[PDB]
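Chemist: here is my input; please provide its structure:
(chains A and B)
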Amino acid sequence: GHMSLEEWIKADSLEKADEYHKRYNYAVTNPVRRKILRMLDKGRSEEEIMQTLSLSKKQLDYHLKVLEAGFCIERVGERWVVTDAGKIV
Amino acid sequence: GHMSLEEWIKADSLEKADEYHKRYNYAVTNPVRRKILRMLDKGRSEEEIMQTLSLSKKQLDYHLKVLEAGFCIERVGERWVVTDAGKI
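Modeler: Residues are numbered from 1 along each chain as shown, chains lettered A, B, ... in the order given. Provided below are the atomic coordinates:
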């Protein structure tokens, strides 16, 4: 009966948490992405980030997408903001 | 960093748990559905269920949709199987 539902909820939570950890870990274990995070947190422009990291618009866009999927940044208007999850040391 | 991620993950888990509870609770709080579950659990056919409960296939299929959405039955090949959650 109702207590057994907790098995379904457990399985789902384990699956989701696995996915979330994978996405976060993928985002943060890349030194270029770590520098993007530090620069965004200092309010650096996308142009300066591209110049300093030698990234094309496409390459930066890719890294931003990964950071967003890994819960490290969120957009407010036209600016990417580093989240609590994205703030490392 | 990681502690903030964990706080979010916990909150997400509780949210999706509440969603699962909503779906299950809806499924089991209908006496026609409760009888459908008891009958499936005893190996009754959909045809027997339709006859015994005076349901059209359309009505039975809708109940089965609701039970599936609420984790009370799962499909195995051609058969709807009652899960431990659906054994009341």
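Chemist: so residue A:74 sits in a strand?
Modeler: Yes: counting by DSSP: H, G, I helix; E, B strand; the rest coil, residue A:74 is located in a strand.
Chemist: my guess is it contacts residue A:80. True?
Modeler: Yes: counting by C-beta atoms under 8 Å, residue A:80 is a contact partner of residue A:74 at 7.5 Å. Using the backbone N, CA and C atoms, a C-beta is placed for each residue, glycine as well.
Chemist: between the two, which is the more surrounded one?
Modeler: The residue with more neighbours, out of residue A:74 and residue A:80, is residue A:80; 21 against 14, by other C-beta atoms under 10 Å in any protein chain shown.
Chemist: given the helix or strand hosting that one, what are its sheet partners and their directions?
Modeler: If you go by DSSP states H and E, residue A:80 is part of strand A:79-82. In the sheet, strand A:79-82 lines up against strand A:73-76 (antiparallel) (DSSP bridges).
Chemist: elements contacting the helix ranked longest in chain A?
Modeler: If you go by DSSP state H, chain A has its longest helix at helix A:5-28. Taking 3 or more C-beta pairs under 8 Å, 6 or more residues apart in numbering or on different chains; DSSP states H and E as the contact definition, the neighbouring helices and strands of helix A:5-28 are helix A:57-69, helix B:2-28.
Chemist: could I get the ones you listed as JSON lines with distance to residue A:49?
Modeler: Below are the helices and strands packed on helix A:5-28 laid out as JSON lines (distance: least, C-beta to C-beta, whole Å):
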{"stretch": "helix A:57-69", "distance to residue A:49": "6"}
{"stretch": "helix B:2-28", "distance to residue A:49": "23"}
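Chemist: nearest to residue A:45, of the ones you listed?
Modeler: Each of the helices and strands packed on helix A:5-28 has some distance to residue A:45 by C-beta to C-beta; the shortest is helix A:57-69, at 11.3 Å.
Chemist: do that closest one and chain B meet?
Modeler: No: between helix A:57-69 and chain B, judged by C-beta under 8 Å from any C-beta of the partner chain, nothing touches; the nearest distance is 12.9 Å.
Chemist: got the buried residues for that helix?
Modeler: A:60, A:63, A:64, A:66, A:67, A:68 (16 or more other C-beta atoms under 10 Å in any protein chain shown).
Chemist: ok, stretch A:31-38 next?
Modeler: By neighbour count with 16+ other C-beta under 10 Å, stretch A:31-38 contains the buried residues A:33, A:34, A:36, A:37.
Chemist: just name the closest of the residues you listed to residue A:52, please.
Modeler: Nearest to residue A:52 among the buried residues of stretch A:31-38: residue A:36, at 9.6 Å, using C-beta to C-beta.
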